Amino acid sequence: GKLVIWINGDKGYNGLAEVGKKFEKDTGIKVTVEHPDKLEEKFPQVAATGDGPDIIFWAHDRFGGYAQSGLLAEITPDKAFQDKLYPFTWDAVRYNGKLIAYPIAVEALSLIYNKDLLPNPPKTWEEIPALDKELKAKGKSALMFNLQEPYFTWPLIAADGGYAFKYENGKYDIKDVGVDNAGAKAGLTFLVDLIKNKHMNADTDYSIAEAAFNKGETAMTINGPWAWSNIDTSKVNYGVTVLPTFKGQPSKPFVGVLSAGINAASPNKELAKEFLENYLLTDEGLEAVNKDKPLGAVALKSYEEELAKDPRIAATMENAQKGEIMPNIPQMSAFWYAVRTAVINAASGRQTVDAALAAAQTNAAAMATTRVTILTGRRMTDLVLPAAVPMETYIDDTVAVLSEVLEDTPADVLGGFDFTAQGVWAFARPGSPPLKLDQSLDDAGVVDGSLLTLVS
């Protein structure tokens, strides 16, 4: 028996391996920590083919998609264990009423600044250009951060109204995306103007921003707790504070709960459970990871209470409360690819802000569906159809499906409909002109449950 763990390369993987060593000492079970690039993207393929890790660490947003596809083992910790972690952290790793991972720590981005360059950091994003111009006369810049991952730019986009999926009545609506509204637009435009006026560069990534900050070349960066360890070993005298406002509004970072899921195909699930409950999620376990790269606000009450007085963590939590806990619904992956695309294109000039976000809006609503009711004589049959795709793309196979569904329907209630008959088929509302085939159901203004017929 053995445990293979996947964790991101920016986290305390060496510290986690120390917890692994201790576990091995006590049980004979070897633990191997790995940090492959794009592990959150690779996990589905490998997990499905029996090649995945036994345990995967990532922020909770990815785990809904994994769970929906059966990739993660349901977690059944006793109430004694559940009590040891904050309740809102368990909420982050619940999918369809089941717990699907162990929560580890709460992460939010903060503003990190160099006290020697910048004794008083700006309250507002709008101050940055003037500050940069002043700093440029001394061979420095105001602000550098990773522009290749939308995680980092989201706080600014959401500040004046950008949102991912509309939440209400317990539910996220994947048809209602907030990536093209006025707020998101104003946020991204502000970022792109920073680039145009040479206050930032479109190609700046994680390592470039981190090096600039840790070498005293830029006055500010935006990052999470994991980054503090490299800043400590550097010269820099730094603080961690609330993100700047934009148009008077707090920056609203998406908050992640670093979580550990168990592969549903692991041959060693019981050992994974014992490793995480009795070794990792202890004061001693989290200390070993946190000492390598800080976790932020850990989900473990006893240790959280112990670190809470650290001002860097207090600032993490201040930024967290101003932000939003990420959804964990499956469509988050598609949201993130869309926003990533939109930020990168707009920043580089390949697309205008309007065009980038309009496309992202389109795409984040991946395969939204509309339920329609087909009326065939007196028989009604519900169909789930793509909302945004033109009707002509799927009408033929849809008529063939209905044919098979209704084949044993008694003919009295069928109204004489014969789907085997030849035809140029189209949808129509009863007593109305047919819907044009080159439109989607959305284009046609069709709501869930709408009654439709077919006509030839």
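Residue indices: 1-based, along the sequence shown.
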query: Stretch exceeding the other in mean C-alpha B-factor - 202-210, 346-354; finding: 346-354
query: Mean C-alpha B-factor comparison - 257-265 and 276-284, higher one; finding: 276-284
query: Most elevated Cα B-factor in the entry, residues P87, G296, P330, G187; finding: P87
query: Highest recorded Cα temperature factor - choice among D61, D418, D396, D54; finding: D418
query: For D448, the third of its chain into which the C-alpha B factor falls; finding: middle
query: B-factor third for the C-alpha atom of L406 within its chain; finding: middle
query: Chain thirds of CA B-factor: placement of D442; finding: lowest
query: Lowest, middle or highest third - CA B-factor, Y172; finding: highest
query: Within-chain third of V236 by Cα B-factor, per the entry; finding: highest
